[PDB]
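Trainee: Below you will find the structure I want to go over with you.
None of the figures in this text is laboratory data; all of them are computed from the coordinates on show. Cβ placement follows ideal geometry from the backbone for every residue including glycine, while neighbour counts extend to all protein chains displayed.
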Protein chains: 4
Amino acid sequence: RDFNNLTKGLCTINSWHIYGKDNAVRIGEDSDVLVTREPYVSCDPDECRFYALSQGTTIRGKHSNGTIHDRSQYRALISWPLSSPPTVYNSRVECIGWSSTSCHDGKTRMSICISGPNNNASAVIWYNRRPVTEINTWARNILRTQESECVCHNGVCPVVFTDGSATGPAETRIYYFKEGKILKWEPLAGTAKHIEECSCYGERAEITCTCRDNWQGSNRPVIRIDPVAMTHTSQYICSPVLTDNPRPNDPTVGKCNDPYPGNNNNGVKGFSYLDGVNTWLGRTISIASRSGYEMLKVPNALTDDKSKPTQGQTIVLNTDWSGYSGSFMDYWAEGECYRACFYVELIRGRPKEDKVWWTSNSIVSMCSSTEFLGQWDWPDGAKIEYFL
Amino acid sequence: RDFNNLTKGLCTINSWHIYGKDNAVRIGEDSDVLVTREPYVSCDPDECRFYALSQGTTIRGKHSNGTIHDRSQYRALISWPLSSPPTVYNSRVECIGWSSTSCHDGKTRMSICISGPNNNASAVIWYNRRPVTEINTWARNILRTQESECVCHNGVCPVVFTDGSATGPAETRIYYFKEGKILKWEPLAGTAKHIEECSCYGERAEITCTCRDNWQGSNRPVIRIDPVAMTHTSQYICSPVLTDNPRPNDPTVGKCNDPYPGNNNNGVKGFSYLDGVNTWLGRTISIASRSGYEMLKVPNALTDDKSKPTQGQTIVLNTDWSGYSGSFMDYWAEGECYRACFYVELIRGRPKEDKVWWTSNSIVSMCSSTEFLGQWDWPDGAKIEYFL
Amino acid sequence: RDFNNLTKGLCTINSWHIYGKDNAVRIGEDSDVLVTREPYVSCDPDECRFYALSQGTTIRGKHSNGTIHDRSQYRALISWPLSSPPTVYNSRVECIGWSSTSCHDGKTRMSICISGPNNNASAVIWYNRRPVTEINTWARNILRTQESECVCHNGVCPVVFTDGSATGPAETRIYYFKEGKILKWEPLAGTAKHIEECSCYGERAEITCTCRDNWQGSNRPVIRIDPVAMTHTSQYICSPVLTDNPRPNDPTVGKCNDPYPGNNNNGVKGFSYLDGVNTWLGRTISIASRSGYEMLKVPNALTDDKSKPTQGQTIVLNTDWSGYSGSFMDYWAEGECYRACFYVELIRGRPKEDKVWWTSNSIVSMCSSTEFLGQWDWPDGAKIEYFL
Amino acid sequence: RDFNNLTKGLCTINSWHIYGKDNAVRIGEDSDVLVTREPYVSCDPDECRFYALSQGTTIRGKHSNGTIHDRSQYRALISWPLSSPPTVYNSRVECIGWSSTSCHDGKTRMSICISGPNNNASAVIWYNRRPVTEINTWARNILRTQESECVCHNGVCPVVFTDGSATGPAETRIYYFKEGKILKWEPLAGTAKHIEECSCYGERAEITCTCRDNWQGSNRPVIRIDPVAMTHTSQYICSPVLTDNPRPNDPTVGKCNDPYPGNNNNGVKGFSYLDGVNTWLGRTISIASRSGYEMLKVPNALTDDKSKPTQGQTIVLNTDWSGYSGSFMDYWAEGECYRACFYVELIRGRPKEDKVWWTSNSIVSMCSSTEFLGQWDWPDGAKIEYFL
Ligand SMILES: *[C@@H]1O[C@H](CO)[C@@H](O[C@@H]2O[C@H](CO)[C@@H](O[C@@H]3O[C@H](CO[C@H]4O[C@H](CO)[C@@H](O)[C@H](O[C@H]5O[C@H](CO)[C@@H](O)[C@H](O)[C@@H]5O)[C@@H]4O)[C@@H](O)[C@H](O[C@H]4O[C@H](CO)[C@@H](O)[C@H](O)[C@@H]4O[C@H]4O[C@H](CO)[C@@H](O)[C@H](O)[C@@H]4O[C@H]4O[C@H](CO)[C@@H](O)[C@H](O)[C@@H]4O)[C@@H]3O)[C@H](O)[C@H]2NC(C)=O)[C@H](O)[C@H]1NC(C)=O
Ligand SMILES: *[C@@H]1O[C@H](CO)[C@@H](O[C@@H]2O[C@H](CO)[C@@H](O[C@@H]3O[C@H](CO[C@H]4O[C@H](CO)[C@@H](O)[C@H](O[C@H]5O[C@H](CO)[C@@H](O)[C@H](O)[C@@H]5O)[C@@H]4O)[C@@H](O)[C@H](O[C@H]4O[C@H](CO)[C@@H](O)[C@H](O)[C@@H]4O[C@H]4O[C@H](CO)[C@@H](O)[C@H](O)[C@@H]4O[C@H]4O[C@H](CO)[C@@H](O)[C@H](O)[C@@H]4O)[C@@H]3O)[C@H](O)[C@H]2NC(C)=O)[C@H](O)[C@H]1NC(C)=O
Ligand SMILES: *[C@@H]1O[C@H](CO)[C@@H](O[C@@H]2O[C@H](CO)[C@@H](O[C@@H]3O[C@H](CO[C@H]4O[C@H](CO)[C@@H](O)[C@H](O[C@H]5O[C@H](CO)[C@@H](O)[C@H](O)[C@@H]5O)[C@@H]4O)[C@@H](O)[C@H](O[C@H]4O[C@H](CO)[C@@H](O)[C@H](O)[C@@H]4O[C@H]4O[C@H](CO)[C@@H](O)[C@H](O)[C@@H]4O[C@H]4O[C@H](CO)[C@@H](O)[C@H](O)[C@@H]4O)[C@@H]3O)[C@H](O)[C@H]2NC(C)=O)[C@H](O)[C@H]1NC(C)=O
Ligand SMILES: *[C@@H]1O[C@H](CO)[C@@H](O[C@@H]2O[C@H](CO)[C@@H](O[C@@H]3O[C@H](CO[C@H]4O[C@H](CO)[C@@H](O)[C@H](O[C@H]5O[C@H](CO)[C@@H](O)[C@H](O)[C@@H]5O)[C@@H]4O)[C@@H](O)[C@H](O[C@H]4O[C@H](CO)[C@@H](O)[C@H](O)[C@@H]4O[C@H]4O[C@H](CO)[C@@H](O)[C@H](O)[C@@H]4O[C@H]4O[C@H](CO)[C@@H](O)[C@H](O)[C@@H]4O)[C@@H]3O)[C@H](O)[C@H]2NC(C)=O)[C@H](O)[C@H]1NC(C)=O
Ligand SMILES: *[C@@H]1O[C@H](CO)[C@@H](O[C@@H]2O[C@H](CO)[C@@H](O)[C@H](O)[C@H]2NC(C)=O)[C@H](O)[C@H]1NC(C)=O
Ligand SMILES: CC(=O)N[C@@H]1[C@@H](O)[C@@H](F)[C@](F)(C(=O)O)O[C@H]1[C@H](O)[C@H](O)CO
Ligand SMILES: CC(=O)N[C@@H]1[C@@H](O)[C@@H](F)[C@](F)(C(=O)O)O[C@H]1[C@H](O)[C@H](O)CO
Ligand SMILES: CC(=O)N[C@@H]1[C@@H](O)[C@@H](F)[C@](F)(C(=O)O)O[C@H]1[C@H](O)[C@H](O)CO
Ligand SMILES: CC(=O)N[C@@H]1[C@@H](O)[C@@H](F)[C@](F)(C(=O)O)O[C@H]1[C@H](O)[C@H](O)CO
Ligand SMILES: [Ca+2]
Ligand SMILES: [Ca+2]
Ligand SMILES: [Ca+2]
Ligand SMILES: [Ca+2]
């Protein structure tokens, strides 16, 4: 009924508790589970749901062959109930396309899907489950967006798009939507040199996005957005605890205003919570592949170029596959503070498990606790041999 | 709560954006997807849904053998959520029969199914999901209707029926319903010589239907209906851009008040938006079979017998199957104008793909954008070899 | 919100239009459809649904072997949306048992299931989806009830039960429920000599039930109930158009107050609408087995022992299986009169189709039209060979 | 809208009537039914549902191999509609973990799942389907809880947890929750020597729990809780009718304040209704394995150490498998008293049926009748040979 406002700060993060897990690849071995990738989580005022890009086939279906490809006419943003698997019978299609974001502004949901050939893509912006605005490609090279939820404040929902090269300068724009209409857009500013796949959260009337510099950086770019002024800035996480993948080994000193070098032309969607001493970074455990997942408390990671971990939690062991990770919060929970949450995509099949013809994923998701909770690890759990 | 009134004009159509796609044949290769044909789309005030005639069997079921036949006791109008596939578990049966139409008047939904042997068919008119009126065959030769949504204005929902020959003069009637009760009916008037399968839209208190002349015309007949006076007229699209299928090659000058000759006794359901310079026509790309699909901006197509395209958009490549197409709009969207939409049925299996015993379809649907958006093509996406 | 009152008479019945058909055995050949029998239809104020006794297994499941048996611990009254099939995923369990009835009183639904061994059965009466009353067997020989909907008037819902022999005198009782509580019960009165499986309808504050005399009668017993006085009487349909099965050939004169002889110890659930000249009887076409189904207009069938048909309609051809049939009406439809409806169970598998190990059914249902509509036939449609 | 208060006493229990049965293993032989164990039943004000711990795989899925294990990352508390099976498509995930409880306080539902390795487990307390409180392991040895519903009074919902050895003294705590927040907790008091898996019910402002002494007792410990004072006590059922499993033969005199010896280090979740002369105890019929299930009326079982049965009812024959059993009541039923209900888990597969690689269960549930109803037996009904 009223637009949500980001009026709280982050709760104190002392560990992470289990929130949701769908076991999709395990279940889908013998039931009608859609092939997906690029999942995330997003809340409405009365319900939190899982989101992902469907590949328009089941896992056991013969059409799962070739689902390593990212962009086809058979993809769609779907959502489904928390910790269920994305099945043919319980998945709701939000919009058609192969890159997406979605967020609820307190009154209703905006969802954005991009589709088209590489040189001629377009975003359709849906609001209250109707298409309202369309944006054509501006650089004719894979118009793409967050692949995790956007955040709204007083009806204003900023969204980061990038169009242009994955391996060289690109054109990044921040659109400021309200009711699916464009209030304003800006070209990227500040010192981030390449932006993809922003993972975002809102607190005290500011939106923080941790992104992927695909071109040069193994540290992550950060965009900080003021949704009232509709202005933003960008920099990198200063910390030497480097959080992209693949990446070089951690140094002793990071970079604040440039890419930390050592790996070019590659990366993974990731996230952080940047809140002074209450700062936690996610990363794959492996420097070489999307294997393992950990949370590291790195006080002042954003601003301190020598900051190292003071605490940590294993999410996925290094002998298990991970993938994309991103941020969401239940903005509508009761209580004095916003509880940080994240999900990790657990990718299975190709390219690393190539005895199957498909690529898919399941989801694990955690939220922060002010307790110091015991840790477990949360693998996908499927036996690929079963699919042979 | 109030009856809807057609109080807006059409938005400016500068391209088409993707709206819905169900990927049904791909998904149904390995999940419980009903065999269908004759699909369409229709909105309620709070939801838009996919509609089709079920064949009362799944695609992988052995009973899909023989589903090339149009009329059986196993067919029913079903609806299901936008861009989901029509599954056994998520499909709602509207009514029983093998020819249908459906539309929401602002307060509730009217659905019409016709069933029976060829010589003794009957329409049952359902309103608020209860049968209210029944109409017996008047020419004892396949009583049949639109196979796409009707349109209502102030409670009045006109519906075009035809009973009689597919290959010679037939008896076409326009019924004017309100709350499922017949207010009036008229025999066809004006210069259209044969009418089937009207695709209709409403704007500024008038309903425009683009139909199929199965007997003689490769140009399409048009019925224009005044739902307040409850009167109508008919003519043909004047344009030489001919839009039935199969059809002769395009001439330089069309016919306004007679069938454009060259193909007899055949056709496909299609549609147009006829709005002065804002006029767009759909057609299969092939003149010979239901292959490919394009949208052509043909200013004044209705009234100008020399009008040629000034713009276009590919929907389905000519190396992919199409099928029926039709019109719908979300009459309940907020905004100053009605956004034109359409769907294309993508038919698979028999008669052209005859290594399978079944015939089915998936759906793609688009709405108009006031942007000039990049184009993609939208095939069914299924590999028939997988079903062998 | 208010209790429904039977304030209307029957509409004029001039033919029957198709209402619902689930095609369950066809669909269930390759999807998760529950094995059922003893189906019926019943309306709530906002929805009409299909009802049946599940056998607690799918048709393709190995546990369908043996489902020819009527009474097991694996049976339950289920309901599901009109013209859908009873699937594992869309069926709601009303109550547990192997004999049932159900009806909505205008405020909420009463459902009754009987379970137990033959000598120790009990009815549980559910109201607003909670168990409220229980009734123990009184004759220790298969306590059993209607297998089709009950009818309510001002909160009073009479229900006919029989306990005792199927082939000799039994103890039949009429319970008068309100909010699931017993207001009163009576032993059977009038001249009916054996009662099973009453099919009931309500009009002008009276409830009429057409039942099965299993012991001696090939004419059907009738119970007429006054739900305000909570009293009833019974007789037989006088007409020589005999409507049980199996049955002797039709004579020229029937019996009003005794069983019409010729077949002993056998029968089928059936129904009629007894309304002076507006009287229609259902019967299987075959005198020998549950094959075919027709509706016959037999003016004054109840009271005229020489009355013969003046009109008719084929529902199921004599080369197709039928089964149980029963009455229901949408008491909540708008309009000046109650539209008569019925369903026919289309039984497949054992005992007549014994190359399969299972017995199941699909449903067809019709309502009356004041038009003279063309007729079709409505078989189950499944090919048993597909299940071999 | 208001918190529920335990203002009624128990109805008179004169027998048990059938309430719910899901036939899950039968149905799941050929449909997408999740593998489960540790089921229970719990009501909301408008709906009663089945609950269990999923194993994150279907029964026919290859991942069912190994589901004899109790604790994995693939488990979750799920709920589903009464007497449906827990399917992939109709199951709602309450929370992630391998030990649980859940109860509705009149305004909304609290659910609690525990997850983690054996030495580092944690409880997450969800309220209104959001995580609110987390509790870390205190004895670093499988933190575990009830595995059946909790009970609330005026917003206060006590919950029994145990952390520590299964075969020696452990640390049991009673947490008093309100809106998912901890109001208070107490260490176990009174004379019970070991507590696991409390089955609880509420009447006249007191909560009674019948638990499992795994270490020494074949009589059951009882905890009685005052949810207004937030205090409790504990003792054993005095009766010589011993109700754990496995167990020695029944003696003539029981123990009130110590474990009845004869079996060490083993047991089964069970329940009783302790209400003076209106006292009923459940037990497996076999003393040696989880086979058979009966209800025994044992007047004053709680307080009389020589009390023997005066009445009984067979629930499951001794030639059929049983398992866990527990208590629930519909606190929101209308009427002068609370109707006692219980469920029995019918375990199938390993360890006793070891030709299959999986372990799963179905559910049967009964409520009390003030009639003396005939008895049936209620086995799972599945043929294990079908799964070979
Ligand atoms: C029950 O549950 C408990 C809660 O989960 C669990 O306890 C938790 O245990 C985990 C696992 O050990 C702890 O996580 C670690 O935390 C480390 C930080 O803590 C240390 O440093 C602080 C500052 O100097 C100290 O304050 C702190 O001391 C305090 O706490 C102690 C408890 O553990 C207590 O005993 C003390 O008294 C004191 O009060 C403590 O000494 C953190 O450093 C560590 O992360 C690094 O190590 C991991 C390898 O294990 C890496 O995977 C990770 O990436 C980090 O190392 C990498 O990066 C560093 C920073 O850049 C580099 O310096 C390293 O060299 C290393 O770099 C290599 O690896 C990278 C990754 O592959 C690569 O990219 C690089 O290039 C390079 O190759 C870890 O997070 C956790 O904090 C505990 N939580 C709590 C509340 O105690 C308990 O164990 C469970 N109990 C049981 C019985 O099972
Ligand atoms: C990114 O996305 C962009 C947006 O989609 C995309 O640009 C789009 O490109 C398509 C594909 O080319 C364009 O569609 C065509 O539009 C044609 C009309 O435009 C021409 O004519 C106008 C009037 O004379 C001119 O105003 C116009 O010029 C303007 O626009 C230009 C941009 O393209 C620009 O460069 C200029 O500066 C200027 O400002 C332009 O010249 C339209 O004619 C065409 O349709 C015909 O051709 C198709 C074959 O491609 C047929 O399939 C179709 O049916 C039409 O031809 C048939 O029918 C005609 C009419 O009857 C006959 O005359 C023909 O002979 C032919 O008949 C045969 O075929 C029939 C079908 O099988 C058969 O039935 C007959 O019997 C016979 O056999 C097409 O629609 C589109 O408008 C562009 N949109 C926009 C906004 O620009 C861009 O390419 C993408 N970019 C990248 C990098 O990939
Ligand atoms: C398009 O749709 C139309 C609507 O459905 C359809 O027309 C319908 O056609 C059907 C099929 O013929 C009609 O049903 C029959 O109706 C018979 C009654 O009507 C006759 O008798 C009346 C009174 O004497 C006359 O008023 C009436 O005349 C009027 O109507 C005529 C239209 O048909 C018109 O032409 C006239 O001008 C006039 O105005 C008419 O003559 C009815 O008797 C019949 O049922 C019996 O026959 C069936 C066999 O076909 C049996 O299956 C059925 O059980 C009945 O016979 C059995 O029982 C009788 C009574 O006991 C016995 O006397 C018989 O001997 C027989 O008994 C044997 O069989 C039993 C069953 O197996 C067995 O149990 C016994 O032991 C014994 O073995 C049938 O219902 C229908 O009324 C028409 N409806 C309308 C509105 O016209 C039209 O055909 C379709 N059009 C096309 C082009 O396809
Ligand atoms: C239709 O439905 C009817 C309703 O269900 C059904 O009638 C019911 O029948 C059952 C099955 O018989 C009855 O259950 C039993 O009830 C016994 C108690 O009743 C007796 O004792 C009372 C007190 O002394 C008497 O008041 C009572 O008399 C009254 O009622 C009679 C009706 O039956 C009537 O005829 C009389 O006139 C009178 O008015 C009656 O005599 C109860 O004792 C019994 O349970 C024990 O026996 C079972 C074996 O069948 C065990 O499985 C069970 O565990 C109990 O025995 C074990 O434990 C005892 C206590 O500790 C020990 O003393 C025993 O030795 C034994 O111990 C061994 O076994 C244990 C379990 O394995 C093991 O752990 C031990 O270590 C040891 O090895 C049973 O519950 C029921 O009450 C009837 N209900 C009603 C309302 O009548 C009727 O039969 C059905 N009709 C048809 C036609 O099918
Ligand atoms: C059916 O008839 C009964 C009996 O007349 C109606 O019941 C009355 O309803 C009114 C207003 O809702 C009450 O205030 C009276 O107390 C009712 N009872 C009696 C015994 O008079 C009932 O409303 C009618 N049902 C419908 C749908 O109109
Ligand atoms: C799931 C898995 O098996 N992940 C492993 C790690 O356990 C570790 F062994 C590692 F060496 C590493 O990168 O850290 O290799 C990866 C992985 O095999 C490769 O990077 C790519 O093939
Ligand atoms: C899907 C497909 O393959 N469509 C093709 C067109 O690609 C083209 F090649 C064409 F020649 C034509 O009609 O335009 O043939 C049709 C088709 O094969 C036939 O008309 C009928 O068999
Ligand atoms: C479905 C079917 O085939 N029904 C037929 C009728 O078509 C007819 F041929 C008849 F003779 C008859 O009873 O009327 O036989 C029955 C049936 O075969 C038997 O009664 C029992 O086996
Ligand atoms: C289901 C079943 O077959 N249960 C039987 C009882 O019928 C009975 F025979 C009994 F001896 C007994 O314990 O009471 O054995 C058990 C069981 O086989 C074992 O205890 C463990 O293997
Ligand atoms: Ca990078
Ligand atoms: Ca034509
Ligand atoms: Ca009989
Ligand atoms: Ca024990």
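Trainee: Which net charge results for the neighbourhood of B:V316, defined as the other residues with beta-carbon distances under 9 angstrom from its beta-carbon, given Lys and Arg at +1 and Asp and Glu at -1?
Mentor: -4
Trainee: Sticking with this structure for a sec: Take the Cα pairs of the protein assembly as shown, get the Kirkwood Rh, then feed it into Stokes-Einstein at 4 °C and 1.567 mPa s and tell me D in µm²/s.
Mentor: 37 µm²/s
Trainee: Another one. Given all pairs of different Cα atoms, what value in angstroms does the Kirkwood hydrodynamic radius of the stretch C:184-250 take?
Mentor: 12.5 Å
Trainee: Next question, about the same structure. For the stretch D:278-324, what ratio Rg/Rh do Cα atoms give with a Kirkwood hydrodynamic radius?
Mentor: Here the Rg-to-Rh quotient is 1.02.
Trainee: Same structure, new question: Ordered shortest first, which distances in nm separate the 7 Å Cα→C-beta label point of A:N5 from those of the other copies?
Mentor: Copy-to-copy label distances for A:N5: 3.9, 3.9, 5.5 nm.
Trainee: Could you please point out the chain D residue with its Cβ nearest to the axis of the rotation taking chain D onto chain C, and the distance in whole angstrom?
Mentor: Spelled out as residue then distance in Å, it is D:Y89, 3.
Trainee: Once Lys and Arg get +1 and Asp and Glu get -1 on their Cβ, which of B:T310, B:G335, B:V356 lies farthest toward the positive end of the dipole of the stretch B:227-381?
Mentor: Positive-end residue among those listed: B:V356.
Trainee: Among A:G349, A:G323, A:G276, which one shows the highest mean-square fluctuation when chain A is modelled as a Gaussian network with alpha-carbon springs under 10 Å?
Mentor: Greatest mean-square fluctuation among the candidates belongs to A:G276.
Trainee: OK, next. Kindly provide the trypsin sites (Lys or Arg not before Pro) of the stretch A:1-81 that DSSP labels as loop, not H, G, I, E or B, and whose Cβ sees at most 14 other Cβ atoms within 10 Å.
Mentor: A:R1
Trainee: Roughly what % antiparallel, to the nearest 5, for the DSSP beta bridges in the stretch A:223-318?
Mentor: Given both bridge residues lie in the stretch A:223-318, the antiparallel proportion sits at roughly 100 percent.
Trainee: Within a Cβ distance under 10 Å of C:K193, other residues only, what is the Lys/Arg minus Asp/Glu net charge?
Mentor: Within the 10 Å Cβ shell, the charges total -2.
Trainee: What gaps in nm, shortest first, separate C:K107 from its twins in the other copies when you place the label 7 Å past Cα toward the beta carbon?
Mentor: Output for C:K107: 2.9, 2.9, 4.0 nm, nearest copy listed first.
Trainee: Given N residues in the stretch B:50-99, what is Rg(Cα) / (2.2 N^0.38 Å)?
Mentor: Rounded to two decimals, the normalised Rg is 1.08.
Trainee: Ok, one more. Using only the Cα atoms, what convex hull volume per residue in Å³ does the stretch B:15-82 have?
Mentor: 112 Å³
Trainee: Over the alpha-carbon set of the stretch D:282-380, work out the extent along each principal axis and list the three values in angstrom, largest first.
Mentor: Principal extents (largest minus smallest coordinate, Cα): 49, 36, 25 Å.
Trainee: At 7 Å along the Cα-to-beta-carbon direction for both A:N154 and B:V253, put a label point, then send me their distance in nm to one decimal.
Mentor: 6.5 nm
Trainee: At 7 angstrom along the Cα-to-beta-carbon line, where would the label on A:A288 sit relative to the other copies? Give the distances in nm, shortest first.
Mentor: 5.7, 5.7, 8.0
Trainee: Give me the percent relative contact order of chain D, please, defined on Cα pairs under 8 angstrom at least 6 residues apart.
Mentor: 18 percent
Trainee: Could you pull the Rg and Dmax for the stretch D:224-309, using just the Cα atoms, both in Å?
Mentor: 13.2, 40
Trainee: Viscosity 0.890 mPa s, temperature 25 °C: give me the Stokes-Einstein translational D for chain C in µm²/s, with Rh taken as the Kirkwood radius over C-alpha pairs.
Mentor: It diffuses with D of about 120 µm²/s by this estimate.
Trainee: Additional query: Could you check the simple spin-label distance between D:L183 and A:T233, using points 7 Å along Cα→Cβ, in nm with one decimal?
Mentor: The answer from the label model is 5.0 nm.
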